[PDB]
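Residue numbers (my numbering), protein chains in the order written: chain X, 1 to 130; chain L, 1001 to 1181; chain Z, 2001 to 2110; chain U, 3001 to 3136. C-beta: ideal position from N, C-alpha, C; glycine also.
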Amino acid sequence: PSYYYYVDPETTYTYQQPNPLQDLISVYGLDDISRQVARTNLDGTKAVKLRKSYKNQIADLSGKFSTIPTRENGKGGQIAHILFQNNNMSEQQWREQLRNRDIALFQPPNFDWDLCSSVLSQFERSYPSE
Amino acid sequence: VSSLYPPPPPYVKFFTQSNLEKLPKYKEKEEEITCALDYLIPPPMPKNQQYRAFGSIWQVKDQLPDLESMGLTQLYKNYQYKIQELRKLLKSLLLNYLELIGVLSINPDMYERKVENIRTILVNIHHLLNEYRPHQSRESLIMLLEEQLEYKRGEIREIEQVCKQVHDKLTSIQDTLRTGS
Amino acid sequence: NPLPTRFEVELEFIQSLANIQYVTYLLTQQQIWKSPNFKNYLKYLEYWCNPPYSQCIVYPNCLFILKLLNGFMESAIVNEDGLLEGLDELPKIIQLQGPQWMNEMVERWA
Amino acid sequence: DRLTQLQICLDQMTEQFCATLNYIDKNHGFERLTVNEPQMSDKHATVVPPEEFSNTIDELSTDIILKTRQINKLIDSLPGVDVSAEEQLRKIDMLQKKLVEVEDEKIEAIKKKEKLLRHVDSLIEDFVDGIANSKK
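In C-alpha cells, the structure reads:
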C-alpha cells in the first residue's frame, strides 16, 4: 500500500454550523414569522396579499386623514435623522436621574405656559382659507 | 531631478596611451587598487561569486534552491524515483481536488488548509520538473546532436540518391547506345 | 554595502547596449563620440566577447551591438585637436535604423 | 519541449478546476425541498434547464479526465527516465565521437562525389573538344 498526500484517514470534516441544507427558518424558530406574511397558506389555499400602503394599520383610528403621507407628497419629513440621534446611587436612583434629566427639557423655562397662552390667544376670528 | 540614464564610469579616465604602453611592462611585473595600471587588466571573478546587478543577486554557477532552503515543504526528494514521485504527486493532486470539492460540499470554510495542500503539491510538482530540467536539457542537447547526425546522414542518402540516379541514367544511355549501334 | 566593482559596472554598461534607447541617448551628445577616450573604451570592451566573461551576459544582443558599432571605427581618424571625423553621421544612422534592428531582434526573440 | 506541454497541461488542469467551480457556482438553480414551498425566479439569476445543466457538468468532468489521460500519457513519454546524468555524459561523448566520425565519412563521401564530378566533366570536355576538332 502507498500513502497519498493529504489524504489522511484520521482527518475528518463536519457539516457547516448552521447547515444550509436544512430549512434555516425552522432551525432558528422563525416559522412564526414565515407563515404570518406568506402570500399563500400552507394548505393549498392562497393567502391575502399585503396592501401596498399601511392604510389597514391606520384603519382603526378616526381622523381627518384620507391619503397617505409620504416623502413625495410633501407631507412627511426626514425624521429618521432626528430619530437616530444619541447622546452611592442605586439603580432605582440612577434610573430616576436618567428619567428626570429626560424631563428637564419638558418643563418651563423651556416651555413657558403663560407665553403660549398669550401667543395662541393672538389668533383672530375665523379661518383664512388658502 | 536627475538624468534618465547613469553616466559612463570614472574608470574610462585611466585609459590613456601611457597606460597602454605601460600595460605590457606591468604584466611582466574584486581587486586591490595600487596604481592606474590596475584598471587596464580586466578584474577577476568575485571570490564570493554572488555579485549584485540590477537589484538582484546572480551567481557564476546557479544551483536550484530546495524548498527547505527557500522555506517551504519538500515532500519527496536515477530519475525513475522522481518519475514515480511525480506520478504519486499528480494522483494526490487529483484526489486533493476531489477532497476540496467534498469540503466545499459540506462546509465551505475548512478549505483554507486544503488550498495550502494543493499549493504544496503544485510547488513540489513544479520543482520536480525543474529538477528534471537539467536532465531534460541534456536530453535536448542529445536530441540536437542526433538531429545534426540525422541531417549529415540525410545528406549522405541524398548523395547516393543523386549518385544512383546518375548510375541508372548511365545504364539507360548505355542501353540506348547499344540500341543505336 | 561595498562599492560597485569595476566588473559589475562594466558588465551593466556592456549589457545596456541591447536596448537601442540607451545607445541613442548616449550618441546624441557630441562630446561623447568626440572623446577619443570613449573610442578607446569602445575598443577596450571586446573582452566581453570571449569566455568566461561572456557567461555572465544575459542579453547577448548587447554584444552584437558592441560588435556592430566597431565597424564604424576604422573609418574614423582622430586629429590633434580631437575632432573625430566620420562620427558626424553614425548617430543619424542609429536613428534611421533604430526601430529596424530592435524589431528584427524582437522577431528573433519570438 | 515535452515538459512545456506538461506545464501547459498542468495549468490547463487548474483552469478547468476554476472553470468548473465558476460554472457550478453561477449556473446552479433553486431546489425545492417540498412541493408546497414557493419557487421564485430572479431575472438577474442565470437559470438553466437542469437536464442540460447535468449534461454540461458531465462534459466538464469528462474533459477534466481526458486531459488527465493526456497528462499521464505525456509523462509516460517524458524523454529519459531510466538514464542518469552520468548516462547523459556517456551518451554525449559517444555522440561527439560519432559526429566527428560522420564528418569524416561525409568528407570521403564528398570526395567520392568529386571523383564522379571530374569524371563526368572530363568525359564532357573530351567529347566537346573531340567534336570541335572534328567539325572544324
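Selected residue, minimal CA-CA separation from residue i, among the options
i: L:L1104; options: X:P1, X:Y4, X:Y15; result: X:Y15
i: L:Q1049; options: L:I1041, L:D1062, L:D1038, L:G1055; result: L:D1062
i: Z:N2040; options: L:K1022, L:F1014, L:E1147, L:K1029; result: L:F1014
i: U:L3078; options: L:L1075, L:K1082, L:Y1076; result: L:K1082
i: L:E1146; options: U:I3131, U:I3107, U:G3029, U:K3098; result: U:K3098
i: L:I1057; options: Z:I2094, Z:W2109, Z:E2008; result: Z:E2008
i: L:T1016; options: Z:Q2029, Z:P2036, Z:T2028; result: Z:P2036
i: residue 2156 of chain Z; options: L:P1046, L:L1040, L:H1127; result: Since the first residue of chain Z shown is 2001 and the last is 2110, residue 2156 of chain Z is not available in this structure.
i: Z:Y2025; options: Z:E2104, Z:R2108, Z:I2094; result: Z:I2094
i: L:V1012; options: Z:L2042, Z:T2028, Z:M2102; result: Z:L2042
i: X:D8; options: L:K1114, L:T1034, L:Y1132, L:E1131; result: L:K1114
Delimiting residues of the alpha helix (DSSP H) encompassing residue i
i: L:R1052; result: It is not in any alpha helix (DSSP H) - L:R1052 instead sits in the beta strand (DSSP E) that spans 1050 to 1052.
i: L:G1180; result: 1111 to 1180
i: Z:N2079; result: Here Z:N2079 belongs to no alpha helix (DSSP H), and DSSP marks it neither H nor E.
i: Z:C2062; result: 2061 to 2069
i: L:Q1080; result: 1080 to 1104
i: U:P3050; result: 3050 to 3076
i: Z:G2098; result: 2090 to 2109
i: U:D3093; result: 3085 to 3135
i: Z:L2042; result: 2036 to 2044
i: X:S117; result: 113 to 120
i: U:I3024; result: 3002 to 3026
i: U:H3044; result: Element bounds for U:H3044: n/a, residue is neither H nor E.
i: X:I82; result: 80 to 83
i: L:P1024; result: 1017 to 1028
i: Z:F2007; result: 2006 to 2015
i: X:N100; result: 91 to 101
i: L:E1068; result: 1067 to 1070
Beta-carbon gap between residue i and residue j smaller than 7 Å
i: U:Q3012; j: U:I3064; result: no
i: L:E1030; j: U:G3080; result: no
i: L:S1092; j: L:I1121; result: yes
i: Z:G2098; j: Z:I2020; result: yes
i: Z:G2082; j: Z:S2075; result: no
i: Z:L2084; j: Z:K2034; result: yes
i: L:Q1136; j: U:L3003; result: yes
i: X:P18; j: X:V27; result: yes
i: Z:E2012; j: L:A1053; result: yes
i: X:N41; j: X:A47; result: yes
i: X:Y4; j: L:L1086; result: no
i: Z:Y2059; j: Z:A2018; result: yes
i: U:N3027; j: U:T3014; result: no
i: L:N1078; j: U:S3084; result: yes
i: L:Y1051; j: L:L1037; result: no
i: L:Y1111; j: L:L1098; result: no
i: Z:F2072; j: Z:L2090; result: yes
i: U:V3102; j: L:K1152; result: yes
i: L:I1106; j: X:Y6; result: no
Endpoints, beta strand (DSSP E) assigned at residue i
i: residue 1192 of chain L; result: An answer regarding residue 1192 of chain L cannot be provided, because it is not within the stretch 1001 to 1181 covered by chain L.
Near the ligand ZN: residue i beta-carbon under 6 Å from a heavy atom
i: L:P1008; result: In the structure shown, the ligand ZN is absent, as is every other ligand, since no ligand is present at all.
Which of the residues in the segment 1140 to 1157 of chain L, read from start to end, lie with their CB under 9 Å from any CB of chain U? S1140, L1141, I1142, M1143, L1145, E1146, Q1148, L1149, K1152, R1153, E1155, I1156
Unbroken stretches of the alpha helix (DSSP H), 4 residues or longer, contained in the segment 3 to 49 of chain X: 24 to 27, 31 to 36
Short-range partners of chain X found in the segment 3025 to 3043 of chain U, where Cβ spacing is below 8 Å: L3033, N3036, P3038
Where the segment 51 to 67 of chain X meets chain L: residues whose CB sits under 8 Å from a CB there: Residues passing the 8 Å Cβ filter: none.
With 8 Å as the limit, tell me which residues of the segment 1076 to 1102 of chain L have their beta carbon closer than that to any beta carbon of chain X; keep them in chain order. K1088, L1089, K1091, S1092, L1095, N1096, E1099, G1102
Under 7 Å (Cβ pairs) to chain L, residues found in the segment 15 to 26 of chain X: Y15, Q16
Residues of the segment 30 to 41 of chain X with a CB closer than 9 Å to any CB of chain U: list them in chain order, please. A38, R39, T40
Report the residues of the segment 1110 to 1123 of chain L with a CB closer than 7 Å to any CB of chain Z, ordered along the chain. Across the segment 1110 to 1123 of chain L, no CB contact with chain Z closer than 7 Å is found for any residue.
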